[PDB]
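Since every read-out is calculated from the coordinates, none of them should be taken as a lab result. Cβ sites come from the backbone with ideal geometry, for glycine too, and all protein chains shown count toward neighbours.
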Amino acid sequence: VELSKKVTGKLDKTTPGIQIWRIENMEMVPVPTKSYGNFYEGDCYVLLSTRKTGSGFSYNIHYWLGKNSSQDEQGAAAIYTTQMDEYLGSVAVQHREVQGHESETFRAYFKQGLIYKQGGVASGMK
């Protein structure tokens with residue numbers, strides 16, 4: 001929720017890799033490298049890639065839209081990516097992905113295998 005503060009504060013600094021955000025239960029969440037890879041398929045996942053450069057770092061915010069949530073959810077994953085795009089310094093970029101758009105791009109950042117669990121992780125009841 002509101003990536004700002006617990007995210008825009010220090011999305012990624014001096015560290016080549018990527019930090020995704022799980023949109024399970026229709027809500028953004030900080031997905032570090034401890035869970036990166038196995039992300040629900042029916043949801044949304046913002047992936048912020050950061051690389052080193054001669055001037056500083058190059059960020060690349062992505063917005064994965066595992067076609068399952070609702071149109072508003074698409075506005076959410078995109079909003080968080082829009083909050084870190086400016087809070088990062090405008091040096092980041094914006095990318096579009098989906099359940100069939102993050103093919104070699106998503107796996108590209110993941111040189112191994114991307115798993116996909118079941119969305120709706122806020123059930124724990126039904």
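Beyond 28 Å between alpha-carbons counts as too far, so tell me which of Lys6/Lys52; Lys5/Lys34; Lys34/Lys67; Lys67/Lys126; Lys52/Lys117 fall in that bin.
Where the Cα-Cα span goes over 28 Å, the pairs concerned are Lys52/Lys117.
Using +1 at the Cβ of each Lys and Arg and -1 at the Cβ of each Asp and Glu in the chain, identify which of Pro16, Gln74, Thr105 lies farthest towards the dipole's positive end.
The residue sitting most towards the positive pole is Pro16.
Roughly how tilted is helix 71-87, in degrees to the nearest 10 and between 0 and 90, from the longest Cα axis of the chain?
Here the helix axis deviates by roughly 20 degrees.
In terms of Cα to Cα distance under 16 Å, which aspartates and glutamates are near enough to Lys111, apart from those fewer than 8 places away along the same chain?
Here the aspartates and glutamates satisfying the reach criterion relative to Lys111 are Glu102.
Each label point is 7 Å from the Cα along the Cα-to-Cβ direction; what then is the distance between the points at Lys10 and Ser58, in nm?
Using points 7 Å along Cα→Cβ, the separation is 2.5 nm.
Helix-only mean residue ellipticity at 222 nm, the chain, DSSP H runs n ≥ 4 weighted -39,500 (n - 2.57), per residue, nearest 500. What is it? Intermediate values should be presented prior to the final figure.
Numbers: 2 runs with 24 residues, N = 126.
For the chain, the value works out to -6000 deg cm²/dmol.
Calculate the FRET efficiency for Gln74 and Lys117 from the Cβ-Cβ distance with a Förster distance of 22 Å, rounded to the nearest 0.05. Spell out each step's value before the answer.
Values: r = 20 Å, r/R0 = 0.90.
Between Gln74 and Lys117 the formula returns 0.65.
Given the Cα-Cα distance of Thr33 and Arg107 and 0.36 nm per residue of separation, how much length would full extension add, in nm? Can you show the working numbers first?
Working: separation 74, 0.36 × 74 = 26.64 nm, distance 1.41 nm.
My answer for the length gained is 25.2 nm.
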